[PDB]
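Shown next: model-v9.cif, given as mmCIF, C-alpha atoms and all ligand atoms.
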```cif
data_run
#
loop_
_atom_site.label_atom_id
_atom_site.label_comp_id
_atom_site.auth_asym_id
_atom_site.auth_seq_id
_atom_site.Cartn_x
_atom_site.Cartn_y
_atom_site.Cartn_z
CA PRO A 3 9.40 25.19 -56.26
CA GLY A 4 12.95 23.74 -56.31
CA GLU A 5 14.30 27.12 -57.46
CA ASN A 6 12.29 28.96 -54.74
CA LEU A 7 13.78 26.62 -52.07
CA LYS A 8 17.35 27.09 -53.38
CA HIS A 9 16.86 30.88 -53.39
CA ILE A 10 15.65 30.85 -49.73
CA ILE A 11 18.65 28.73 -48.69
CA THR A 12 21.14 30.97 -50.49
CA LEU A 13 19.51 34.12 -49.09
CA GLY A 14 19.67 32.72 -45.52
CA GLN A 15 23.35 31.80 -45.97
CA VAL A 16 24.17 35.30 -47.26
CA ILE A 17 22.28 36.95 -44.35
CA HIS A 18 24.22 34.84 -41.81
CA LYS A 19 27.59 35.70 -43.41
CA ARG A 20 26.68 39.44 -43.56
CA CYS A 21 25.52 39.40 -39.94
CA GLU A 22 28.87 37.93 -38.84
CA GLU A 23 30.67 40.86 -40.58
CA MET A 24 28.54 43.72 -39.07
CA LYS A 25 30.72 46.05 -36.99
CA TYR A 26 28.13 47.64 -34.70
CA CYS A 27 25.30 46.25 -32.48
CA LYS A 28 26.94 42.87 -32.83
CA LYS A 29 24.69 41.00 -30.30
CA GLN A 30 21.56 41.77 -32.33
CA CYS A 31 23.21 41.23 -35.72
CA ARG A 32 24.74 37.91 -34.69
CA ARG A 33 21.43 36.79 -33.12
CA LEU A 34 19.63 37.46 -36.43
CA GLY A 35 22.28 35.52 -38.41
CA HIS A 36 22.20 32.59 -35.89
CA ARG A 37 18.37 32.46 -36.06
CA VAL A 38 18.32 32.57 -39.89
CA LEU A 39 20.93 29.82 -40.22
CA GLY A 40 18.83 27.70 -37.83
CA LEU A 41 15.70 28.11 -39.96
CA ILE A 42 17.41 27.23 -43.21
CA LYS A 43 19.09 24.11 -41.74
CA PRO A 44 15.97 21.82 -42.10
CA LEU A 45 15.30 23.37 -45.55
CA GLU A 46 18.84 22.41 -46.63
CA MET A 47 18.15 18.84 -45.40
CA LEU A 48 14.83 18.83 -47.36
CA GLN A 49 16.60 20.11 -50.52
CA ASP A 50 18.96 17.06 -50.40
CA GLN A 51 16.02 14.74 -51.31
CA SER A 55 5.66 16.91 -53.47
CA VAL A 56 3.40 19.48 -55.23
CA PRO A 57 2.85 22.28 -52.73
CA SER A 58 -0.56 23.28 -51.48
CA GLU A 59 -1.78 26.89 -51.99
CA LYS A 60 -1.04 27.50 -48.29
CA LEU A 61 2.54 26.15 -48.64
CA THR A 62 3.33 28.31 -51.67
CA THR A 63 2.11 31.51 -49.98
CA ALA A 64 4.03 30.54 -46.71
CA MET A 65 7.21 30.00 -48.78
CA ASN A 66 6.80 33.35 -50.51
CA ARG A 67 6.12 35.16 -47.22
CA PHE A 68 9.29 33.55 -45.79
CA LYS A 69 11.36 34.62 -48.82
CA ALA A 70 9.97 38.20 -48.47
CA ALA A 71 10.75 38.33 -44.74
CA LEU A 72 14.35 37.19 -45.44
CA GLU A 73 14.63 39.88 -48.19
CA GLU A 74 13.36 42.46 -45.70
CA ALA A 75 16.02 41.25 -43.17
CA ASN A 76 18.71 41.56 -45.90
CA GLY A 77 17.59 45.15 -46.57
CA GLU A 78 17.82 46.03 -42.86
CA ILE A 79 21.30 44.46 -42.60
CA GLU A 80 22.41 46.66 -45.51
CA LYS A 81 21.01 49.81 -43.83
CA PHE A 82 22.53 48.98 -40.45
CA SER A 83 26.00 48.23 -41.88
CA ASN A 84 26.53 52.07 -41.84
CA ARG A 85 27.11 53.42 -38.30
CA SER A 86 25.27 56.76 -38.93
CA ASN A 87 22.10 54.78 -39.87
CA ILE A 88 22.28 52.86 -36.57
CA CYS A 89 22.69 56.11 -34.60
CA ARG A 90 19.63 57.73 -36.28
CA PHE A 91 17.51 54.61 -35.76
CA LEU A 92 18.57 54.30 -32.08
CA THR A 93 17.88 57.96 -31.34
CA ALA A 94 14.38 57.67 -32.87
CA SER A 95 13.81 54.33 -30.95
CA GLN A 96 12.36 53.74 -27.48
CA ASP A 97 13.30 49.99 -27.03
CA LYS A 98 16.58 50.13 -29.04
CA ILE A 99 15.76 46.81 -30.85
CA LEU A 100 17.10 46.97 -34.40
CA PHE A 101 15.24 44.10 -35.99
CA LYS A 102 11.96 44.01 -34.04
CA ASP A 103 9.57 43.96 -37.06
CA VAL A 104 11.75 41.59 -39.22
CA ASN A 105 12.13 39.20 -36.24
CA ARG A 106 8.39 38.99 -35.60
CA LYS A 107 7.68 38.40 -39.31
CA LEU A 108 10.32 35.64 -39.47
CA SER A 109 9.03 33.84 -36.31
CA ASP A 110 5.39 34.12 -37.39
CA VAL A 111 6.00 32.80 -40.91
CA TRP A 112 8.33 30.06 -39.69
CA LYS A 113 5.64 28.67 -37.36
CA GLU A 114 3.27 28.35 -40.31
CA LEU A 115 5.86 27.19 -42.86
CA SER A 116 7.48 24.51 -40.68
CA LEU A 117 4.10 22.93 -39.89
CA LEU A 118 3.21 22.82 -43.62
CA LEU A 119 6.59 21.26 -44.50
CA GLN A 120 6.14 18.63 -41.78
CA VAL A 121 2.58 17.77 -42.96
CA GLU A 122 3.16 17.89 -46.74
CA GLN A 123 6.77 17.28 -47.35
CA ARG A 124 7.72 14.75 -44.63
CA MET A 125 10.03 17.32 -42.86
CA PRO A 126 10.86 15.79 -39.42
CA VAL A 127 9.49 17.21 -36.20
CA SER A 128 12.64 18.54 -34.43
CA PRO A 129 13.33 17.77 -30.73
CA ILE A 130 13.15 21.55 -30.14
CA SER A 131 11.09 24.15 -32.10
CA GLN A 132 12.52 27.55 -33.20
CA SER A 135 11.57 33.53 -26.47
CA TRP A 136 12.84 35.77 -29.32
CA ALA A 137 11.30 39.01 -28.02
CA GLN A 138 12.88 38.55 -24.59
CA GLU A 139 16.28 37.70 -26.12
CA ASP A 140 15.97 40.80 -28.33
CA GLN A 141 15.56 43.14 -25.32
CA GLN A 142 18.61 41.62 -23.60
CA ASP A 143 20.70 41.89 -26.81
CA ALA A 144 19.45 45.49 -27.36
CA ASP A 145 20.55 46.45 -23.82
CA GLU A 146 24.04 44.95 -24.26
CA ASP A 147 24.49 46.59 -27.69
CA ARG A 148 23.31 49.97 -26.29
CA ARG A 149 26.15 49.84 -23.71
CA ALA A 150 28.79 48.94 -26.31
CA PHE A 151 27.54 51.58 -28.84
CA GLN A 152 28.63 54.50 -26.51
CL CL A 201 29.03 48.82 -31.34
#
```
Could you render the structure from this file as structure tokens?
Ligand SMILES: [Cl-]
Amino acid sequence: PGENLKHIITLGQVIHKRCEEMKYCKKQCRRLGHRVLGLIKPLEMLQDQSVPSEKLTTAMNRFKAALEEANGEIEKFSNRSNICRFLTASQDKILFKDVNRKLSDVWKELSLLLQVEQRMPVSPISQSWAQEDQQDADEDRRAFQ
């Protein structure tokens, strides 16, 4: 469990650094990196300190898989010609729509389990993504011309 947590933290840190380097569709890439860094922040605080339930282990594995899926999409979209093909085949122009929904859904479940089982604090503000994604997609579309 300690190794799984460390892996998730490292993977989130790598995704944020990669997002900051992406040359095209920067609003969407930077939003993904910002969101991922925000999710790993309480995990990093937890790491600096219980036996997980069945529900916690599966939530942790789903979160790890969603981050791996995001890392795979960042790799694909680092090449400009892959962005162009995706955008032309897309109606809403949102690069990370599926990855973003998986991350938000799993985080809702995972954060609650960490608060109940592992004494993770309840944050003054929880972690509107779909609406932000359309705005970012529109701004990136204009810059991609
Ligand atoms: Cl661009």
List every protein, DNA or RNA residue that has at least one atom no more than 12 Å from (6.7, 25.4, -41.1) in the file's coordinates, counting all atoms listed in the file, and write the result as a PDB file with C-alpha atoms, keeping the file's coordinate frame.
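Once everything was written out, this is result_29.pdb:
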```pdb
ATOM      1  CA  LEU A  41      15.700  28.110 -39.960  1.00  0.00           C
ATOM      2  CA  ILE A  42      17.410  27.230 -43.210  1.00  0.00           C
ATOM      3  CA  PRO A  44      15.970  21.820 -42.100  1.00  0.00           C
ATOM      4  CA  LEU A  45      15.300  23.370 -45.550  1.00  0.00           C
ATOM      5  CA  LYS A  60      -1.040  27.500 -48.290  1.00  0.00           C
ATOM      6  CA  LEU A  61       2.540  26.150 -48.640  1.00  0.00           C
ATOM      7  CA  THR A  62       3.330  28.310 -51.670  1.00  0.00           C
ATOM      8  CA  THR A  63       2.110  31.510 -49.980  1.00  0.00           C
ATOM      9  CA  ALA A  64       4.030  30.540 -46.710  1.00  0.00           C
ATOM     10  CA  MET A  65       7.210  30.000 -48.780  1.00  0.00           C
ATOM     11  CA  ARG A  67       6.120  35.160 -47.220  1.00  0.00           C
ATOM     12  CA  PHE A  68       9.290  33.550 -45.790  1.00  0.00           C
ATOM     13  CA  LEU A 108      10.320  35.640 -39.470  1.00  0.00           C
ATOM     14  CA  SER A 109       9.030  33.840 -36.310  1.00  0.00           C
ATOM     15  CA  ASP A 110       5.390  34.120 -37.390  1.00  0.00           C
ATOM     16  CA  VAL A 111       6.000  32.800 -40.910  1.00  0.00           C
ATOM     17  CA  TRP A 112       8.330  30.060 -39.690  1.00  0.00           C
ATOM     18  CA  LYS A 113       5.640  28.670 -37.360  1.00  0.00           C
ATOM     19  CA  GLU A 114       3.270  28.350 -40.310  1.00  0.00           C
ATOM     20  CA  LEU A 115       5.860  27.190 -42.860  1.00  0.00           C
ATOM     21  CA  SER A 116       7.480  24.510 -40.680  1.00  0.00           C
ATOM     22  CA  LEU A 117       4.100  22.930 -39.890  1.00  0.00           C
ATOM     23  CA  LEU A 118       3.210  22.820 -43.620  1.00  0.00           C
ATOM     24  CA  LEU A 119       6.590  21.260 -44.500  1.00  0.00           C
ATOM     25  CA  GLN A 120       6.140  18.630 -41.780  1.00  0.00           C
ATOM     26  CA  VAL A 121       2.580  17.770 -42.960  1.00  0.00           C
ATOM     27  CA  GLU A 122       3.160  17.890 -46.740  1.00  0.00           C
ATOM     28  CA  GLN A 123       6.770  17.280 -47.350  1.00  0.00           C
ATOM     29  CA  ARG A 124       7.720  14.750 -44.630  1.00  0.00           C
ATOM     30  CA  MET A 125      10.030  17.320 -42.860  1.00  0.00           C
ATOM     31  CA  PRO A 126      10.860  15.790 -39.420  1.00  0.00           C
ATOM     32  CA  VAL A 127       9.490  17.210 -36.200  1.00  0.00           C
ATOM     33  CA  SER A 128      12.640  18.540 -34.430  1.00  0.00           C
ATOM     34  CA  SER A 131      11.090  24.150 -32.100  1.00  0.00           C
ATOM     35  CA  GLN A 132      12.520  27.550 -33.200  1.00  0.00           C
TER      36      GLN A 132
END
```
(message) Report, in Å with one decimal, the straight-line distance from atom CA of residue 31 of chain A to atom CA of residue 5 of chain A.
(response)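 Those two atoms sit 27.4 Å apart.
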Chain A near ligand CL 201 (chain A) within 10 Å: what's each residue's closest atom pair and its distance in Å to one decimal, counting all atoms listed in the file, ordered by chain then ascending residue number, as a tab-separated table?
```
residue	atom	partner	partner_atom	distance
A:24	CA	A:CL201	CL	9.3
A:25	CA	A:CL201	CL	6.5
A:26	CA	A:CL201	CL	3.7
A:27	CA	A:CL201	CL	4.7
A:28	CA	A:CL201	CL	6.5
A:29	CA	A:CL201	CL	9.0
A:85	CA	A:CL201	CL	8.6
A:88	CA	A:CL201	CL	9.4
A:146	CA	A:CL201	CL	9.5
A:147	CA	A:CL201	CL	6.2
A:148	CA	A:CL201	CL	7.7
A:149	CA	A:CL201	CL	8.2
A:150	CA	A:CL201	CL	5.0
A:151	CA	A:CL201	CL	4.0
A:152	CA	A:CL201	CL	7.5
```
(message) I'd like to know which of A:37, A:84, A:93, A:99 is closest to residue 72 of chain A, using all atoms listed in the file.
(response)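 Selected residue with least distance to residue 72 of chain A: A:37.
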(request) Figure out the distance between atom CA of residue 139 of chain A and atom CA of residue 89 of chain A, please, to one decimal in Å. (result) 21.3 Å
(message) Please determine, counting all atoms listed in the file, which residue among A:138, A:30, A:76, A:51 has the shortest atom-to-atom distance to residue 4 of chain A.
(response)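 Residue with the minimum atom-to-atom distance to residue 4 of chain A: A:51.
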(request) For atom CA of residue 73 of chain A and atom CA of residue 87 of chain A, quote the distance in Å rounded to one decimal. (result) 18.6 Å
(request) Find, counting all atoms listed in the file, the residue in A:33, A:46, A:10, A:90 that gets nearest to residue 140 of chain A. (result) A:33
Segment 40-124 of chain A residues near segment 19-23 of chain A within 10 Å, closest pair each, using all atoms listed in the file, as CSV:
```
residue,atom,partner,partner_atom,distance
A:76,CA,A:20,CA,8.6
A:79,CA,A:21,CA,7.1
A:80,CA,A:20,CA,8.6
A:83,CA,A:23,CA,8.8
```
(request) Please provide as a ChimeraX atom specification all residues within 8 Å of residue 100 of chain A, with the sequence filter that same-chain residues fewer than 2 positions apart are discarded (counting only C-alpha atoms). (result) /A:30,91-92,98,102,144
